[PDB]
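Colleague: Could you have a look at this structure, given as structure tokens, before my questions?
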Amino acid sequence: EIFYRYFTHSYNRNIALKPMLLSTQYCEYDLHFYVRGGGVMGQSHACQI
Amino acid sequence: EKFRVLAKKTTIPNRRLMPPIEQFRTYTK
Amino acid sequence: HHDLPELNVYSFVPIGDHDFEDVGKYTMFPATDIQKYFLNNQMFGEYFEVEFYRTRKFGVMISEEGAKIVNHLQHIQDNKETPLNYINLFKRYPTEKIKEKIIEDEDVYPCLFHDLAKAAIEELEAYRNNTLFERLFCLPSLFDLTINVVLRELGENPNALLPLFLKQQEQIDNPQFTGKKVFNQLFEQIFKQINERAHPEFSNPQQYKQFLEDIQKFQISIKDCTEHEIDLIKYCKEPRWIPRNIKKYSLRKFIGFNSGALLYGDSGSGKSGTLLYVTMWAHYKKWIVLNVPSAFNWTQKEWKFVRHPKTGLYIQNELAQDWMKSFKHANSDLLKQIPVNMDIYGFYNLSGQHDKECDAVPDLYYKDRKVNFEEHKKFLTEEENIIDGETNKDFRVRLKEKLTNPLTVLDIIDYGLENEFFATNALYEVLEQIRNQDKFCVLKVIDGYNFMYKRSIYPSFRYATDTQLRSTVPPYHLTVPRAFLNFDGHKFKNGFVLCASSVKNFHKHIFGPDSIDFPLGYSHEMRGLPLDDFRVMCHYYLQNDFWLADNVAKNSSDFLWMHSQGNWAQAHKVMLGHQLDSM
Amino acid sequence: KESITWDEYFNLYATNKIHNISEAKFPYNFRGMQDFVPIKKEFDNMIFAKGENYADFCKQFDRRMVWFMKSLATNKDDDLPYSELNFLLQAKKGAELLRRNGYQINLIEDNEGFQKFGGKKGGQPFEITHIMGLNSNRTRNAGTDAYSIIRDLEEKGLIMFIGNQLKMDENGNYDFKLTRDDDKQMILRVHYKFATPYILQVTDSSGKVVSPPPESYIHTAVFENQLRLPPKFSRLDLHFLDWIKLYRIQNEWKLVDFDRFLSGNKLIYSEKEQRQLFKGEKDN
Amino acid sequence: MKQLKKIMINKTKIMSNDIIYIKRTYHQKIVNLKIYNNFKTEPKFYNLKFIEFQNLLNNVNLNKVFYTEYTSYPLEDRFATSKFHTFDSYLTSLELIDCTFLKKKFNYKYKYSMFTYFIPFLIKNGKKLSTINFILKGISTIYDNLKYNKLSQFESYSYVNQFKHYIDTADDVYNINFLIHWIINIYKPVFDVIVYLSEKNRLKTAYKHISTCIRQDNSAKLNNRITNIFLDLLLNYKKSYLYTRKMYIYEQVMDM
Ligand SMILES: Nc1ncnc2c1ncn2[C@@H]1O[C@H](COP(=O)(O)OP(=O)(O)OP(=O)(O)O)[C@@H](O)[C@H]1O
Ligand SMILES: [Mg+2]
């Protein structure tokens with residue numbers, strides 16, 4: 001599913017892309033990550049790792 | 001180069017491209 | 001360090017003559033054009049409260065969809081001014097190779113399509129009383145078959161159809177030609193075969209193969225030239241054949257350039273800004289515009305309504321009387337130029353209904369309930385039935401009686417605004433008056449087309465049988481939505497229709513032409529903005545103080561395209577809400 | 001400064017007379033044409049042949065050279081194929097002066113001499129190049145300054161000219177639209193190599209011949225067409241090189257050069273060269 | 001060929017070029033432009049761009065990529081150099097905090113910035129996304145009223161005009177981290193109900209007297225409540241009910 005259409009509010013959304021600032025490789029890559037388990041906040045912080 | 005286009009309408013810049021202060025203290029001590 | 005970059009933002013050209021190279025950049029106008037064209041500062045979406053309230057500039061983006069749509073209209077607005085000679089084309093090239101040269105040109109196919117439909121419209125007025133053609137020709141879908149199926153054979157068997165086009169110009173070049181023309185004799189022999197061959201019930205505009213297979217053949221018989229016979233089964237595999245040159249690039253799977261379109265997609269995908277680039281373009285080339293900036297205010301909001309005893313149509317007079325001020329204040333200078341055809345004037349009832357037309361509220365039989373729709377009069381009393389006869393006479397009057405022999409459109413409108421009792425019968429009669437013309441196009445513009453086919457606040461008890469309605473009033477029974485609900489752009493000679501779907505009030509609401517039973521081809525899914533255009537968005541706003549930027553944010557323009565996936569509204573939250581500072 | 005007719009131009013500018021024919025200007029090089037080598041590139045077979053024979057597409061060029069030969073030996077117009085002004089106005093001076101000087105011209109079919117030596121007769125284009133940013137009419141285009149050149153893909157056939165300034169209209173009025181559209185304008189020059197038995201001879205009044213004998217039996221010329229642009233909004237969803245495969249021809253070809261008359265044509269001209277250049281003009 | 005035959009037969013006629021490209025200034029060519037229905041309507045704004053439009057056409061990149069590979073617009077070179085402007089700046093938003101406050105087990109990951117550190121004093125029953133909203137609809141309202149609205153709302157306070165003078169010089173102020181670190185630069189409470197405070201206690205005590213007063217306001221909604229207090233600190237650089245409390249306390253220390 002689409003990024004804005006799954007993680008609605010942005011504090012769920014900046015978490016997952018906080019590394020992507022730290023890389024400075026923005027727009028170079030195409031992302032596809034599949035998640036299952038827990039709640040939204042706990043489901044996002046896994047995307048950092 | 002500096003810029004390369006990935007695909008349609010996607011421009012990005014490419015990325016796949018004697019201290020003195022120690023020179024003093026090393027002399028003094 | 002703060003040695004940041006600058007960037008150009010605006011198209012070098014003016015608005016009438018863009019090309020693909022200027023798709024990203026913006027245009028500008030005064031702030032006065034809002035009040036000039038859009039009354040009381042109501043516009044599509046929230047461009048007034050948000051973008052104009054800060055920038056104080058009527059800046060507009062160009063979309064890929066916007067200019068591509070505008071390409072189609074410029075042909076319609078040139079075929080009218082400079083029509084085509086059918087004979088002088090085929091002089092150039094052999095009659096053996098017409099498809100690879102003539103048919104498959106972008107500048108030729110519409111010039112052929114644009115003409116056959118005009119002949120078709122002239123005849124459909126005879127077949128309007130029929131209930132069936134209301135079911136088939138409410139859409140433009142089956143029209144584009146019959147007009148294209150003639151042209152596909154011109155590539156296959158030109159030796160059997162080419163003489164038709166050639167002498168049509170003989171008939172046009174011959175003044176003192178009282179008889180009908182070829183195509184107006186052609187289409188008559190088509191539609192008669194439809195009533196006799198097609199299935200009366202279960203005949204759909206949305207489904208093609210069920211319509212073709214019910215019509216095994218056309219059988220033409222012209223006295224002078226042709227008795228050509230046709231097989232429709234060959235065009236069953238690909239009901240939607242369309243020349244490659246237009247359709248790889250015009251719009252995704254878009255077919256009806258002359259009829260209309262429809263925009264669907266997620267919230268803030270960009271749909272409610274494209275048509276704004278169109279409505280303005282429509283005026284600066286002097287083409288008529290029928291604005292409906294939001295149907296939410298008509299269908300999901302309170303307005304007075306009154307019922308007629310014969311018909312279920314709930315009259316609205318205050319609503320129309322406000323809209324006409326908007327249609328008037330924008331298109332004032334053109335309507336003076338425009339005369340009336342009094343053979344058309346004066347057939348619309350006060351409740352909107354027309355004499356020839358089918359009953360706008362037939363008596364429906366709900367099979368599952370095993371009861372008719374008329375039965376709701378059992379719960380009525382004697383007094384109301386007695387009051388109905390008193391209203392049946394008071395509402396008997398039509399506008400033809402009190403208003404005879406006007407000269408222009410405004411003479412109907414100045415009378416319509418002046419008297420509340422005749423707003424509807426003045427509204428509808430203008431629609432015939434604009435629809436039958438050959439001096440100016442029609443452009444029907446809607447935002448919130450979804451809201452119409454949705455239920456309404458407007459209550460009643462007679463629609464309790466529909467478990468979906470639940471004691472409400474549909475807007476296809478409300479008078480004012482009838483003018484615009486019908487997705488009938490083909491009916492307009494030199495006309496086009498644009499519709500959209502607003503889902504701001506809804507969350508994850510998948511809208512599309514499956515929710516509305518709607519044909520394929522006549523729709524275009526929105527998608528978000530690309531990167532390089534999402535870049536100038538930021539630089540456009542930063543120059544204009546719309547959103548206030550951290551130094552963290554000045555070069556986050558190509559980063560937020562992750563955060564938004566090219567979506568507008570998911571940025572505006574960030575731009576205005578400053579959610580970046582949390583991370 | 002004023003409008004001038006077709007024939008008045010000749011009667012004003014062909015007034016000169018010279019006794020020596022070789023000193024007199026004349027395009028058709030009788031003797032000394034050189035066998036040029038066929039160049040081969042990648043972007044030449046893309047549009048030059050499109051569902052057609054490589055030869056029958058060239059045979060038309062083999063024919064349109066012919067009536068040009070007859071058009072010189074015979075003052076005629078229907079024979080005169082579609083070509084520019086600045087060559088014809090400079091090519092017929094080289095012919096009509098000989099008519100005024102008393103000389104004569106005749107078209108001769110030397111079948112035997114062409115059989116005495118040299119390979120067979122046939123047309124083969126030895127150079128096909130695309131260019132961009134310019135139009136075939138040699139008057140819209142400005143000096144070398146405003147144009148910016150991209151000499152990158154010269155090896156394959158492409159050159160791209162891009163303007164730095166604003167171009168004018170018929171009325172003398174600048175546009176921003178015209179520059180943008182001019183950057184799309186593609187032209188297809190071709191240099192032909194057609195060996196021929198037919199030749200020309202000049203013959204002084206009461207003179208069997210006054211011209212030298214030819215050695216070559218090969219002659220060249222240049223043809224051009226300003227092409228139709230692709231559909232609108234086709235550039236977007238495509239790669240660049242896949243987009244140039246979709247230009248198409250409807251305008252007729254146009255003879256430009258002939259046997260290296262003027263050392264091959266040039267599109268750009270200095271300011272004075274444009275002034276001395278004339279174009280046909282309508283008013284309303 | 002139609003235009004040719006007419007000229008061949010002496011139907012139509014010929015003369016020299018009136019059109020020749022002379023070197024002129026960018027302003028002089030304005031006289032000869034071809035304008036349409038839109039540039040006319042908004043003259044003052046476009047008339048200064050013809051000077052700029054024509055200048056950019058001189059300075060164009062001769063790069064292969066913008067023309068020969070895919071669709072794209074020519075860009076400057078700074079776009080590639082300043083790619084680190086975000087990464088270098090976002091740290092400075094965080095360099096205010098010493099990480100030594102936060103090196104405990106798995107708290108830095110959830111509490112690294114200043115804004116991550118205000119909220120838990122304001123969380124009620126574990127709701128964080130709500131508190132993040134109420135604080136931003138308020139602070140966002142501060143910036144908007146100062147920019148576009150009048151200042152009758154801002155009639156009481158004294159630092160009103162002196163604050164915009166600090167905005168326009170520094171767009172850094174829109175960082176909420178820098179908005180409040182500025183407030184805390186005013187208010188570094190070294191002492192309280194009598195005790196010396198280390199840096200790891202000085203910071204904590206400053207926030208409770210904020211979070212308490214947010215709950216003491218009379219206005220119902222947090223948006224209305226929370227605005228009023230930042231106004232008392234932002235728009236009184238010298239004064240506040242919370243700051244005059246502090247300055248009242250030094251007198252107790254210095255006398256004693
Ligand atoms: N063509 C455009 N030009 C300038 N701004 C635009 C354009 N399109 C969208 N926007 C910006 O995005 C805002 C709203 O997006 P839009 O008007 O497209 O709504 P929408 O796509 O119809 O979404 P919804 O379906 O929720 O109404 C506009 O008010 C404006 O700020
Ligand atoms: Mg919308």
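Chain identifiers are assigned as A, B, and so on, following the order in which chains appear in the structure tokens; residues are numbered from 1 within each chain, and ligands are numbered from 1 in order of appearance.
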Please identify all protein, DNA and RNA residues within 8 Å of ligand 2, counting only C-alpha atoms and all ligand atoms, and report them as a PDB file with C-alpha atoms, in the first residue's frame.
Modeller:
```
ATOM      1  CA  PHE C  44     -12.612  24.973  -6.323  1.00  0.00           C
ATOM      2  CA  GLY C  45     -11.378  23.485  -3.071  1.00  0.00           C
ATOM      3  CA  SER C 267      -7.477  13.643  -1.545  1.00  0.00           C
ATOM      4  CA  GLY C 268      -5.281  16.467  -2.733  1.00  0.00           C
ATOM      5  CA  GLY C 270      -4.418  17.689  -7.783  1.00  0.00           C
ATOM      6  CA  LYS C 271      -7.824  17.306  -9.443  1.00  0.00           C
ATOM      7  CA  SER C 272      -9.374  20.492  -8.054  1.00  0.00           C
ATOM      8  CA  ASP C 447     -16.344  19.704  -8.551  1.00  0.00           C
ATOM      9  CA  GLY C 448     -17.857  17.181  -6.192  1.00  0.00           C
ATOM     10  CA  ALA C 500     -14.194  15.639 -10.343  1.00  0.00           C
ATOM     11  CA  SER C 501     -14.567  13.931  -6.972  1.00  0.00           C
ATOM     12  CA  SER C 502     -13.758  15.557  -3.631  1.00  0.00           C
ATOM     13  CA  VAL C 503     -12.981  13.246  -0.708  1.00  0.00           C
ATOM     14  CA  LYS C 504     -11.571  15.677   1.857  1.00  0.00           C
TER      15      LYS C 504
END
```
Colleague: List as a PDB file with N, CA, C and O atoms, in the first residue's frame the protein and nucleic acid residues near residue 4 in chain A, meaning an atom at most 8 Å away when only C-alpha atoms are counted, but skip any in the same chain fewer than 4 places from it.
Modeller:
```pdb
ATOM      1  N   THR A   8      -0.843   7.645   8.234  1.00  0.00           N
ATOM      2  CA  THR A   8      -1.591   8.852   7.916  1.00  0.00           C
ATOM      3  C   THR A   8      -0.918  10.078   8.510  1.00  0.00           C
ATOM      4  O   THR A   8      -0.568  11.018   7.790  1.00  0.00           O
TER       5      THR A   8
ATOM      6  N   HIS C 563       8.106  11.965   1.866  1.00  0.00           N
ATOM      7  CA  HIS C 563       7.140  12.202   2.926  1.00  0.00           C
ATOM      8  C   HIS C 563       5.722  12.370   2.396  1.00  0.00           C
ATOM      9  O   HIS C 563       4.767  12.257   3.170  1.00  0.00           O
ATOM     10  N   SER C 564       5.569  12.648   1.101  1.00  0.00           N
ATOM     11  CA  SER C 564       4.282  12.911   0.483  1.00  0.00           C
ATOM     12  C   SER C 564       3.963  12.002  -0.686  1.00  0.00           C
ATOM     13  O   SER C 564       2.787  11.873  -1.035  1.00  0.00           O
ATOM     14  N   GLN C 565       4.967  11.379  -1.299  1.00  0.00           N
ATOM     15  CA  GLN C 565       4.788  10.589  -2.514  1.00  0.00           C
ATOM     16  C   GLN C 565       4.114  11.419  -3.600  1.00  0.00           C
ATOM     17  O   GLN C 565       3.274  10.935  -4.359  1.00  0.00           O
ATOM     18  N   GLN C 570      -0.550  16.288   1.785  1.00  0.00           N
ATOM     19  CA  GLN C 570       0.380  15.786   2.781  1.00  0.00           C
ATOM     20  C   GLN C 570       1.584  16.703   2.956  1.00  0.00           C
ATOM     21  O   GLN C 570       2.300  16.576   3.953  1.00  0.00           O
TER      22      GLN C 570
END
```
Colleague: Within 8 Å of residue 9 in chain B, counting only C-alpha atoms, which residues show up once you throw out same-chain ones fewer than 2 positions away? Write them as a list in words, please.
Modeller: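 The residues that qualify are residues 5, 7 and 11 of chain B; 530, 531 and 532 of chain C; 70, 71 and 72 of chain E.
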Colleague: Define the interface residues of chain B facing chain A as those within 10 Å, counting only C-alpha atoms, and report them as a list in words.
Modeller: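 Those within range of chain A come out as residues 6, 10, 11, 12, 13, 14 and 15 of chain B.
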Colleague: What's around residue 22 in chain A at 10 Å? Count only C-alpha atoms, leave out sequence neighbours fewer than 6 positions away in its own chain, and write the answer as a compact mmCIF listing (two decimals) with C-alpha atoms, in the first residue's frame.
Modeller:
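Now in result.txt:
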```txt
# COMPACT_ATOMS: atom_id res chain seq x y z
CA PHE E 84 24.25 18.62 2.81
CA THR E 86 19.63 19.71 5.56
CA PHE E 87 21.93 17.17 7.23
CA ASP E 88 24.24 19.91 8.47
CA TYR E 90 19.15 19.39 11.44
CA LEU E 91 22.00 18.47 13.77
```
